[PDB]
Every structure is written in structure tokens, then in C-alpha cells.
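Shown next, in C-alpha cells, is the structure this report addresses.
So you know, we letter chains A, B, ... as the sequences are listed, proteins then strands, and number each from 1. Atoms within a ligand are numbered from 1 in the order they appear, just like the ligands themselves.
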There are 4 protein chains.
Amino acid sequence: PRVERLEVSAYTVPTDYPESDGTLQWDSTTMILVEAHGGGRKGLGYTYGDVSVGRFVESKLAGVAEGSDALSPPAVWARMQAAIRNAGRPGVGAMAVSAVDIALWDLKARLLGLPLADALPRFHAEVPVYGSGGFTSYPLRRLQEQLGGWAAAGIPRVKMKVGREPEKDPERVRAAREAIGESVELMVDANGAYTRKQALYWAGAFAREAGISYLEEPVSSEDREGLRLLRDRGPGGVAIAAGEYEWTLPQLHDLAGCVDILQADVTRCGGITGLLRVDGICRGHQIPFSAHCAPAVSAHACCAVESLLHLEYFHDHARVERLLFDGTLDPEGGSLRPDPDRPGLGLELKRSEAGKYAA
Amino acid sequence: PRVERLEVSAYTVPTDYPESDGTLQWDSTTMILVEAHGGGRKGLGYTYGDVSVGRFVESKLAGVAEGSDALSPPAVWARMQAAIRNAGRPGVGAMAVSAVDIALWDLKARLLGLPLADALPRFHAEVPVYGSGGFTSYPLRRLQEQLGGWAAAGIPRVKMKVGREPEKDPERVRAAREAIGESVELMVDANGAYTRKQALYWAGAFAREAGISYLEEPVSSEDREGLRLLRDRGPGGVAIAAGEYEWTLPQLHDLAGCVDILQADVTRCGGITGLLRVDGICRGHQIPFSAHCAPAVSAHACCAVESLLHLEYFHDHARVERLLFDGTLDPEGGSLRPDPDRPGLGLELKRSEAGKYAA
Amino acid sequence: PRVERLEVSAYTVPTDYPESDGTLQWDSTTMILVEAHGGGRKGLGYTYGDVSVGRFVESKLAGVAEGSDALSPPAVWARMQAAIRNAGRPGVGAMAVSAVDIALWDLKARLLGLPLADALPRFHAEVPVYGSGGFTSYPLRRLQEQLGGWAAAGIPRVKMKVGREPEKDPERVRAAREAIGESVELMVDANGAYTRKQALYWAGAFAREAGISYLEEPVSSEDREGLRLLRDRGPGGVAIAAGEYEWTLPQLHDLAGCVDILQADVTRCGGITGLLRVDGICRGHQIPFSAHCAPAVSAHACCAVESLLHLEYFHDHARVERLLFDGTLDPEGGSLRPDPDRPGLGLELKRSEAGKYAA
Amino acid sequence: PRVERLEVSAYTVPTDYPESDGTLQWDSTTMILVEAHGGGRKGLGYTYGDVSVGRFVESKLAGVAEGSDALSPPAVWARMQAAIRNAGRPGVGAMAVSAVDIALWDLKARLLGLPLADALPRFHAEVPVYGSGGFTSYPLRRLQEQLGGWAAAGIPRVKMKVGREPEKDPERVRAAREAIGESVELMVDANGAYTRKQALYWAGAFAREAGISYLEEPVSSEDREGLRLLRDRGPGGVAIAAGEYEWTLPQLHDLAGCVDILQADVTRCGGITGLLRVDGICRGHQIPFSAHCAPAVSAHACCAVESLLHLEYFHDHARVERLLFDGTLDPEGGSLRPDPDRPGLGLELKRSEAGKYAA
Ligand code: NA
Ligand code: NA
């Protein structure tokens, strides 16, 4: 069976509340969907990013994927990476490749009649999640509500944003901690908001104020040296985490020497095929791995990562994916468990619902 | 004066022969063209890349640029970079920012009634070029005619491709040397075709076989340890050069520690605003700079770069620029001089040919 | 489907000729075979080493594998690795884990009715080999006969041994070059025979004498500083390779910074599940990968390794595998291609031959 | 338009009180003023230092600048630097070059009828300042009055001097914090007064004592190892800043690897042409930039510096510039805004006042 055709489409979905973090504001999410048909089946895969990702799939990647053996997604992946040298590998191009690869892996699993997790090397029956949102735009009550909600649903780890208005953050982390109590892990994400010495101040302060155990993207993160300084000088018990903007394997390799926990986003780092490589980087450096965003695809992919510590149950995406797809997984109890009776990703586009949000 | 409106369009032009290099084959070029309208004038900027670049400009950039002060392109650039964090800053996104930035600077120069070179900090009156082509697809005669042609025109530096069929390269470089004589500098580009020890072999072999002075992208430019190895071990008088694919200044900063000659492409590295930062990297590290591709923009932009060694007079681009614009400069005698009698880039779209090659 | 039973057996097969290399002499091969029974199917896997491996499988590993889910070999592997902390993880223990892991992957693939290469991520339809023998015990005729035979059989890469008697080696590499001609790659293996400066001498002498492309284990296995030194100072065109004694993923990570080509042996580095992590280490450091020994297993596993340069078609193992199993692959033409119709590894124990060689 | 002539004069202005810092005492300021005439316009530029700067301009620089294209200050700057290799590039030499470059930039902007900030690549509409003084010769009441006055004028950051009499500094920093209250940032400058371990003591001591967030030149800025030590070991939230004395860009490149915040003085670092390179250094290392001294020129020059954190509103210099010049900007509210209605730097010598302070 050969890959017959890719169909690309895009959707823009308003957030349920205006959102912000340390370095950005936004009020919608755009999903780019790839469907690959071949051998009488079809696979689906997606990324989040600009609408121009769809034009890039159609322009550079459709002619590479079409006609290919449907049973070997990594071979197409290799040809796709070679093809886009001039067109631009990182950013939009890498998001485009990740979407197609995920679709092609879903297509392969379905041609075999298997759940994707059983078409992949499998270390985990289920994977642990952390509930993630707590945007800097939320009033205290809504912050407390959202994180408390996840806690009571049996998710013992939650992440919130800091660093947009640093003077307001002490009260925000205290509020979060009071709502969830001592038994839940409290994680923060600065999204690149701090300078090095400011980051260093805040890592200490947040630890003292609310007993945080995780600090993500303290500094700009182009800033590898500042990451390494925070890794080396940060407080005990506060893991320094980064990696969402790493587009390639060599970048991931560099990053792994500067953090306590390495991150990658399956929708940016090259899809399933790319994410399959993070494991050797993380076992090699002996550090934990944490998946970033896109929970519905990550749940399958992360069953293959030995070094997984948790995946991110990111609010925007869990909501968009629940709205556009039938087949998403419920994080209740703190883990996602791929459904053994659904082949591939187990995800079906709800066509009329999505037509409503066409970009 | 304010930016009133951005117009984006794209053109695809067949190459005049099938073309290839060590790692890629192509038979056409796509230019994405931005026009910035404001204060009664119009600036233009462009990039070469995927048509999806135009959609990225429409979707993410036009809205930032519109309404902005027409006298301060860098203030817009900063707002553009901040705005695209989630949409993907490197690759397609960077190519888009670049095209828009060049258009905004063209516009500023025009509002001031100045050639672009005069609106920027100016170190150089004209700028030296090298003729660049010599694709691996060329039979020997056509390679000799292209290089000889440039030497006969008084351009004392030429670049060719190597590395696609390594067995054939010794006679291809010997043939090139015969065509140009002992007083034209012969430069090679491998476009990442070699492994580390392969590249070390060829740096020495090409020095002996044809007296080369320049070895570009011997290994993947993501491979900094490989580059550093070749910097340290390669023959005296062969400069190791790299740099087209970086999209952060810390990336350029990492590359500067690994090469003899740093390169950047004004249509990728963040436009004119991006290019202005390159001197600081190059003078800080004490290495020469060389501009990659897009001779028509680079002739102005490079007047502002103290550490300039030369700019690449790239065949594909020179040809597409003469075909699509009036006002392109002649490299006769080895340099490009901005026209003091034209404002901005001095470039005007030939709207007839434009339509012929509309994407 | 659960793993029901491991059965372990061992076979000693005399070499067809007395064999030696730079630091060892031997005249037989011992294979330790595991058979995993589950769900009405049987999987097989093996390693080469001391008979004690089989006792170690029985004593430490059977009790972990038995009762396990037969559809997720990596979950068992992680439990096996945890279990053997006091018993000794590297060496015999790793060889034991490698054998069990391969049998569990064979069992997994066969319960699905798929060829093993199609139950793994797959970048390659077939994989390139080099012919490997040329022992230091061979008279010149025999040496020329073996390497030339491989060359005529369509294998354009061959490896011989050096370093046992360095005064004799110049005539031996020359005789080898003379037999195969200029169009076959000639590779050598010192098996740890040299001191640092001796190795540097020979790397250059062998390059001048016979255009060798490849020098494996020039110094002792444990000597990383010496490898990195030969890597940094060795001649152009000669790849320095090592990795056959690497038992674990962090070791592989350390070695990757020291070599031109990284090697691992599927029967030592933790079987299929361990080999799957090698690709992220190689693409991370941007170096090629080369599989060492056991070509019957490696043909399937290496289809999943994007960074694969070649696999070693090692005389002793090709011979033993052909004697003991039905279903081995022919490297005629220079590559090994997993048979798309046979489930698992496609390997069947020949009971009566097995019986003749029982250890 | 050509540079017709350069005139040079000098002025000495006593301080309004006797002044000292950790390593110097002084009671006047000397400004060296350069005026450049061409195309019916007049540019003005200056530096602070020894009267002999004047003589150096006359002896080495006026003959280079005179006759030059008045639209290209950087080309003159490059020729000035080449010319003074034997006469001494750093110190006096650099201050002289700086003053001429500022004058020539003022001239270009004027010949274009633009405010200098508009004649430069421009990132910032206005620029934030900190009030800088707090000399170690001031009694507590004098100290509190100056800093408190800056605070009550809406300037939310102030710097004082420490280290001259270390015993006295706890009471002095406590007195300064009392005067400004808890919302004003308190910065300190040691002017190279401490040893390494002494500087380490005081960084912690001042943070506990008065909540300082900035520690400038704790050790000699020639001592990079000690700066790096204080950067690595200093308390979180206390930025380590240095850089007033570098004269070459690789010096700045070196210092950038040692501090939290990099500083340069536009009147020492090669003027406007030298400052335009600082962004490449700072962005390349992901650190902030802070301008030192000469607020009249910096209000303009720093508009071109994307990495700008703040400029120094240095007491002596704000006072001298007010005295000798028409057109100075007011810092009430915390920023300086170049006047859009006035071209070049907006400054004109008060001839009567100047005569009284003629050197
Ligand atoms: Na190139
Ligand atoms: Na100072």
C-alpha cells in the first residue's frame, strides 16, 4: 500500500478566556490537520502554529509523501527533511513535517489494524500527566479553580504561568498552593520572561513562598548559557526545564547539557519519528524527559519513551482536541491510557463541528 | 508618515538549466515580494523560499507593520519577532520578517529621498563580489563557460559546487582552474555533502589539485564540532566558511567560534535590521563576513558592514532579479556600486514580466 | 498473550581456520540461544560469548520475562536492567539481556504475524554491508581470496585485521589492495593493538600504502582520550571507529564525542530495545553509525537506524548463523534485505545441526 | 557635501561639591567639544577626559575627517582607527575618535534635517534612565536629598557609590533606602574598590541591608576572572555590571562572558559608530545593555540599541551639559525623549557660559 493523497485543512478556535503568559498574549489557537489516505485506510495528524503551515504541507510535502510506501513513515520523514533544505527546516517547515509524519504513522498503524502505541516500541501501559494552564490573565479565583479542579480529578501535578507581572507573582503562587494543598506538585513556567539574575532570584523565592518543584523556561532559552547557570546555581528540589522550541535533534543534544528535565513538543520536533529519537538523548545524558503540549498525540508517542517523567495536559489543546475530535483520552486519575480497541491514534475529526471553525 | 499597507505577491522562475549541488536538485526559484506603502512612497523587499512565506506575511506580519511609524523599521522588526513566538520564528517565519524588513527600510530610504546605502550607517562606497554558480549538474564545458565568463568580466573570484559525485570533482576543479587562470580565486561549496574525515581529505585534495581558497559548508552547518575540526586542521590559505541557516544571534555567535569566514543571507537572517548586528559578531570575534545570495538587496545592505570580505553574486538570483526588476547593478570589474541617482534599493518591478511568472 | 517459558541452550562451533587479531587468538565461537514461548508462538534471540551467559539468563532473567506481557518487549527490558544491578549489568549480564530482548521482539513480531523489520520504525528497505574477516593468521593468498571473493560478490567494502605483527602489515594491506582494486573500500581493525603514537603512525602509513578509509579500535577499548586524539589528529579520509565493547547508553554517549563513526553490537548493547536508542545519540552528535557483528539480527534492527552507514558482515557469525539457522539473508550485491514474507527474524533453529554443536 | 572643517575646544567645570568614589577623588569635569562644519550645517560632539584629548583630535583626526563625505561617518571612523595605530587607539585616542564620530553623526542628521535618533536605526521612542550620583564624599543628608529628589521626580532607579570606606557603607545604603522607599530600585557602584572575596561579602551584605539589585565594578574590570566569580556566585537578583573602559570590540566580546549586564560609554567606545555594534555583542550573549555617562548624546544613541536596559543620568554630566548647552532633555518620569522638533542632537553651545569655563 502506497500513500495516495494528503488533504490539508486548518481551524482557528477561540480560547475560552483571554490568555497570556510571561512573553505573549493570545485568544485563539490554530490547528493544521493532515489526512493521509492509502491502501483503503486513512491516518490523521496535526500541528499548532500559523495557517501558512497548511500551504507549506501542500507546497513542499504532499509530492514527497504521495506515492510512498505507506508502511514506513520514517523513510518519508527522511526525504521530507532533505526536500525542505532551502524552504526552511525549522519553525513552519518542522511543524508541517511533524503533522504529516503523525498522519503517516496513524496511517501505518491503521493499515496494520493496531493501536499506534502497539505499533511503536512500548515501555508504558499508560503515561502520567500534569494539568497545565494557570495563565497570567486569570484572576486569583479562576487560577485556584482551574488548578484545584485538576487536583480533585486525581491529577497530582499542576503547572501555572509566572513572570508577566513579577510583583503580583508571590500572591498568585501562594493562592495556587493554598487551593491545592501540600500533596500536589506545583510547577511554574516563565516562558522566557526573566533575565538570568532575575530568574535566579525567582527560583529561590517561589521555592520559599509555595514550594515549587519545577521551573520552565526561566530565561529566553536561545540563552543556553543562562539555562546552564540556572541549572548549576538553582535551589535543590526545583527542576530547571526547557526544550519546546527545539526543532532538531542536534539542538536537543545541546540543550540536554543545560537543563534538569528536557522537553520537546511532538508537533514541532518532527512528529513521532523525531520524538522516537529523544529517548537516546535523554538516556545518554541520564536526564528525565517531559512532553510539551498536544496531549492527544503525545499520549501514544510517549508510551515509547523510557525516560518519560510526564506529558503536559495543556489546557488550550486538551480543549481544542476534545472539540474537533472524537476519541481523545480522559486524564482522570493522573495518566492517559491509549485505548487498546481503537487503531492508530483513535481520533476521528468531527466534521460539522470543525467546519464551524475553518480558518 | 506611517505604514499604510503591505502587499505580498510571489513569482516562480525556471532556472536556465537543471541545477544541483551536493545535497539538493532544483529547476526553479520562488521570490516572495513585499510592497510597503506609506507617506506617499512605496518600498519593496523580497526573499527566496516557499510560496507559504507570502501567507505567513499576510497572516502574522501585515497587521504588525500597518499603522507603524514609517521612519523606524527596527521598532517594527522587534514587534514582529515578539509576535511570532508561537507561529515559529526561524525558517519560513524568518524569511517573511526579512522580506518585510527590507521593504520597510526601502520605504524609509525613499521617504528620505536617499539611496538605501545612504540611509544606513555606511562604511563602503562599493562592495566586492564573487560570481557564484558551477552547479554539479553542469557538464564540464558549461561549467568552464560560466566561470570563464565571470573572470573575463573582471570578477576576480568565482565559486562552484562540489561533493555530489566526489569521484568526478578532481577533474571538475581542474577544468575550472583551466578556464580562469592562476590569478582568479577559486572557491568551492559542498552544501554539507561530506562527513568530517571526508571533508578533511577534500580540503587538502582540492588545495593540491586546483589551489582553492575557500571551502563552504563542508559538513552540516548544524555540525559545529565538525566545522571546528576543519577550521583547526584544514590547509593554510583555505578559508572554512558557513552560515546561511542561523536565525538567532547566539547561533551566529556559536558559529563565529567555529569558522574562518561567517556568512549570512539578508533574506533570512532578519533583513537589514538583522544584518546590522553582524558586524558586532564579526568584529567581536575578529573574522571576515561574506553575504550569501540576493545580490540586489545585498549591494546596499553590505555597504553598512565593516567586516565585509565579499558578497555572493548568485547566478539564480542575479538572473531572476534582472528579469523581474529594472535597476539591477552591473558587477563588471568585480564590485557592485549602489546608484547614487536612485533612491532606496533603486529597484522597480517590471509589471509585464511579473505577470508572466506570477505563482 | 504472556511470556510462558524461556528456554536456553548453547552451541560451540569451531572456526573453519585458526583465527587471530591484534590482541586475541581463537578457534571456535560460542552462541547462547534464548527461546521465548508465548501465545502459541515462539521467538528466538541470541548472543555470542561465554556459556555462563546461559546460566545468567536462567538465574536472573527467566523469572522476570516469564508472566510478562508478550506484546511489549521494552517494558521487560527495563525490568531486567533494574533486576540485575547487583548481579552485574555490563558484560555477561548485558549479553544475557540482549539475547532475551531479541527473543522477545521476535516473539512480539510473530504474535502479530509481521516481519520484525515491519514491527520497528523503518528508515531502510535494505541495509548496506561490509565483508569482515582478513584475520592476522591468514597467509596472503587466503587474505586476498576472502576479500576478493566478497568484492566479486558485489560487496564494495571489506575489513581486515591489522596490528598483530606490525612489520608484516604493510605487505598484507598492499596485497589486499592489489586483490580488490581501486573501486573497493578497504577498512582495517587493530582490535586495540597500538599505543597512541603507534596508532597515529599506522593510520598515516596505511593511508599512504593502500588508501585505507577506516581504522577501528586503534588503541585499547578503554582509552577514550587516545581515540579522541586519533580522531583530532588522524589523516583525512580515514574514519576512526570504535564501540563494540559498549554495554550501555551513557557509554555510547561518552564514546560519540571521541570517534568518527560510532559502533555498537546488538548482541551486547541491550538487544533491539537498546539499539533503538543509538540513533538519537548519532544524529545528536552528527556522526554515522556502524553495526558490529551478528549480521542475522542486525539486518532487521538496522533498518530502524537512520544514521546507519553499514553493518558488519562478520565471517565467524555469518558462518555460524548459516550452520545453525534456516532463514539467514544473502549479502550478494552488498546489502541485506529482510524477507517481507517471514514473520519475526525469519530464523529457524536447525535441530540436528544444533545437536552436533551443543556446548 | 564634504566635511569642510573641524574645530576643537575644551571646558573645565568645577563640581558643585567635592566628589569621590571607591578609587578616585575629583572636583572638576573637563569636556572636549568637537564641531564639524559641512554643507551649510554644523555637527557637535564631545567627550569627557583630559585636555590632551583636544590635542590628539587636532594632531591626528582633523586631517582625516576634513575633506570627507559628510553622509558617511562610519567610513571616516574606519580611516581614523587605521591612522592612529602607532599613536594609541585606546584611552585618549578612543575618547578623541568618539567625540569626532559623534560630531560627524550630528552633522549627518542635520544635513538630513532629522533628529539624530531618526537618522539612526531606531528601536526606541524614548529611553529609561537612572539617576546616578551618591558620591562617597557626601554626608548622609546630602546623599538622601539627591537620591530622594530623583525618586520624587518620578525616576524609579538610582545609583550610589560604595567601597571607599566599607565600614560606613551599611549606614549609607540604609540611609539611601529610607530616602527613596521600597518601590525605587537601588543600584551601587564600587568603581573597582574590592578584592574578590570582599566583593562577594558585600554583594550579599548590601542585598540583606537595603535590597540592592545592581552591583557595578565590584573588582577591577580588568579582572575578568573575578567578575565571572561574582556573576557565578553573587546573590540572585543582584546584577553584576561592568564595562566603562573597554575600547576594542573583542574586549566587549570578552567582558560579555563575565557579567550580568554589559556597559559602554558612547564617549569612549568609538562614538555612535562604535555603539551601533554593541547590540550584536549583547544580543549574541543574551545580556542587557546599560549606557554609562554623557546623557545628552546617549538619549539619542541608545534609541538605536535594542538590548538597552537603561542609560546613566550621571550627575556631573547632566549638570555640565545643562550649563554649556541649549537643548537638554528633562528626565522627569524616568525616561529621556529626543525632541522630534529639533534636528541632530538638539544641542547648541551657550557661547557666553562656554567662555567662562574655557580650559
Ligand atoms: Na552554501
Ligand atoms: Na563605574
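Residues that satisfy the ring-ring contact (aromatic ring centres under 6.0 Å, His included) test with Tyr17(D), not counting sequence neighbours, are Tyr138(D). Residues satisfying the salt bridge (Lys or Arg N to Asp or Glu O under 4.0 Å) criterion with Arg157(D), sequence neighbours excluded, are absent altogether. A search for salt bridge (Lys or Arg N to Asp or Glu O under 4.0 Å) contacts involving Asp50(D) returns nothing, not counting sequence neighbours.
In this structure a side-chain-to-backbone donor-acceptor pair under 3.5 Å is present from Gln251(B) to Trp247(B). Although no hydrogens or angles enter the test, the distance criterion places no donor-acceptor pair under 3.5 Å between the side chain of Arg268(B) and the main chain of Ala94(B). Side-chain atoms of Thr47(D) come within 3.5 Å of backbone atoms of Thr267(D) as a donor-acceptor pair (strictly under, hydrogens ignored).
Within a radius of less than 3.0 Å around the Na ion (ligand 2), the protein N, O or S atoms are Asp189(D) OD2, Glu216(D) OE2, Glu217(D) OE1, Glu244(D) OE2.
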